[PDB]
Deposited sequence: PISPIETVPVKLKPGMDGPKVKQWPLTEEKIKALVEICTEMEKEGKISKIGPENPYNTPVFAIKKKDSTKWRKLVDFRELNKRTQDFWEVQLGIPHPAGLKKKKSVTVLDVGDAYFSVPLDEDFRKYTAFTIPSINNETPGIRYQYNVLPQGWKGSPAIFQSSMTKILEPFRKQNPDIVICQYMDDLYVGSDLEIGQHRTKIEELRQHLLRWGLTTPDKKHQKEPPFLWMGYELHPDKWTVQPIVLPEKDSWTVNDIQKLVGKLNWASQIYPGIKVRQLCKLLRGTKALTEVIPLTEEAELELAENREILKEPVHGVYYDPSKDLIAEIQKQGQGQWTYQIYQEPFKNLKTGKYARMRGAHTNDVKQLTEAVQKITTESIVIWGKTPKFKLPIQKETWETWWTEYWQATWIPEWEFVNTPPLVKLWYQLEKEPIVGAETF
């Protein structure tokens, strides 16, 4: 019946975040769910004397008929005291992720901090007052949960870390990441093995993530248009690679010619291009990760289902860049695709640096807030802001 006292960042107060509207279906599922946790002592209904509140909703993470309660403690976490990364995790063949949230129900929360964990189950058309609860145990999604549980966590983990001191197990929030250079059969079985050990209590490829190369258009014949677009893309890239030169190409344009006129390249321009392709055959030197600084994930809509992104801390010094596609069935849903993208990039940022990136989403606030919850499937929620993607920024990574 022990309880480590947890407090809010000095002078801070509990979160009073409003509950967005939920669908009948998500409400029903949540009433079932909460009634259960209430019976088991996990939570308890609260009174009006508690003025704090946190948003909650329901999801279905990868192939599930049954719903999962999800609480957005982002604001509570940003207000919770601080507490206290094996680069080996990133440098693995495969890395599997595990949801250990359940573990937390086992631990009771410092009763004085409970008031802050207050959340509400809305009623359709406001016909009824919302149902108010607060946690009695450690809530999943709370930055303090993993911490206060570390102690017990490590314990239950030693056995597997001693039996297999070749695998890396990193925990982030409610997730546990395990990476090993084994082969799949033995790897997935060794995993199933870990979930066996975990149960008697309560598929990514890292060597594949990098800074993708900027490729330049090659064609039989070049028009004035073609050269301009070419020079534009290059001129931008000069920002990342000062060596990049466009003198020769610009010359080919001297004069106010038609846009479609076919321009014959010179031996000089061809060298100029030859030379730039080479400057671009690799990422710009001297780009290192700074832990004392925020990670930033920028995404641009390429269209047709494609989305390029760059993770970075300082402008033009990409720590990583990429593209995301397909996801059959989402063939007509920009929000699904974007949400999947953000998750894919978060997990990735977690693996690599063990922290989430602040997102810059090319979407209108309203659009994203209406539906993103309908396609979320993680236990965590990164931070984000909305933007108006530059016409350029796109043709460049395109």
query: Stretches of the record's deposited sequence for which the structure holds no C-alpha atoms; finding: 1-4, 89-95, 214-232, 429-440
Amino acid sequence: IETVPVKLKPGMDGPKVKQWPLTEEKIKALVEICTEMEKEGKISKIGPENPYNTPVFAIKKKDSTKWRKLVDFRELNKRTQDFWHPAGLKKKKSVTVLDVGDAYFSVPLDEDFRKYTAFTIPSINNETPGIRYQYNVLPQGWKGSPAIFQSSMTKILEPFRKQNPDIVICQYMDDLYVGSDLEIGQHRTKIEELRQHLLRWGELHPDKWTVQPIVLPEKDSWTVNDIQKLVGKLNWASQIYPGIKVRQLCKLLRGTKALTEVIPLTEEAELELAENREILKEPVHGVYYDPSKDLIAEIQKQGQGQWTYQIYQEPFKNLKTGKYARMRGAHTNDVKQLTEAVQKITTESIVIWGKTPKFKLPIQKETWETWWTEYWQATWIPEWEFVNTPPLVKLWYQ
From here on, numbers count along this sequence of modelled residues.
item: Mean C-alpha temperature factor, higher of 169-177 and 263-271; value: 169-177
item: Mean Cα B-factor comparison, 221-229 or 278-286, giving the higher one as deposited; value: 278-286
item: Maximum C-alpha temperature factor, selected from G185, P242, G144, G322; value: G185
item: Selection by C-alpha B-factor (highest) of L138, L204, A258, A297; value: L204
item: Ranked against its chain, the third holding the CA B-factor of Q304; value: middle
item: Record-listed C-alpha B factor of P15: chain third; value: lowest
item: Chain third (lowest, middle, highest) by recorded CA B-factor, residue given as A330; value: highest
item: Third of the chain's Cα B-factor distribution that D110 belongs to, per the entry; value: middle
item: For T35, the third of its chain into which the C-alpha B factor falls; value: lowest
